[PDB]
Every structure is written in C-alpha cells, then in structure tokens.
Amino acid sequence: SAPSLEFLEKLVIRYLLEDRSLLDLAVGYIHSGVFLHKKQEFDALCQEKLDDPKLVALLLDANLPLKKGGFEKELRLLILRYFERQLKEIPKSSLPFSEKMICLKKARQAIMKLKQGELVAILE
C-alpha cells in the first residue's frame, strides 16, 4: 500500500492543484528540486501555467484520491522520502568530510521529526 514515489509526487501536486492555499504551505518546505518525476508539473503550477498540458492531465487524472485533512501526511511522506534518500546518497557524495557529517546529522534529525509528525524544510 506504501505508494511509489511517482504516485506520491502526483498526489501531492494534485492536492496543490485543488486547493492553492496548500501550495502556500508547501512552498515553506519543498521546492522544484525535490521532485524526481513530476518536476515540470510542479514548475507549471508555480507559474500559474494552468493550461500547461502536463498540469491539465494531472488535474484530470481519475486515480488520485484526495481526502479532507489528508494533504499534510502525504507532504510529510514526500519529505521523509527525500531525507531517507539523503542518508544513502551523502556518504557517496563529493562533499567535504565535515559537510557529510553535518548533512547526515541533519537528515537523521529531520527523519526523526517527520515521524514525530512535524514538517521539516528541504533547503539544499
């Protein structure tokens, strides 16, 4: 039942399409870089290109079930996924040693908070 990342990115954007007040919240925590599948859709939604063919198709998709009060749990899972990936990617990266250290600690901390139910921003 745990969704695919592409499904989760669609879901998150679909909530932002249906209720633009949720975009106001989400831009506190995520940016375009976070998305691995639906970056163009998020970008178009940010520039109110509301007739963009990708965004239209997502707004029209019949298989993305939204629920009252359900947005923040899916935003939190998208962010949690991003930081879980960081935990794998940082040790493989070119970052100076002390920055790998800092960044690993920050990703672990974020994962803790996300699971405590708190939203956490992705800066980098």
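In this text, residue numbers run from 1 along the sequence as written.
Stretch comparison (32 to 40 versus 90 to 98) by mean CA B-factor in the PDB entry places 90 to 98 on top. The stretch 55 to 63 shows the higher mean C-alpha B-factor when 55 to 63 is compared against 68 to 76 in the entry. For the set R14, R20, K115, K105, the maximum C-alpha B-factor listed in the entry falls on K115.
The PDB entry assigns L45 a C-alpha temperature factor belonging to the middle third of its chain's modelled residues.
The entry lists a Cα temperature factor for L5 that places it in the lowest third of the chain's modelled residues. Sort the modelled residues of the chain by CA B factor and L123 lands in the highest third.
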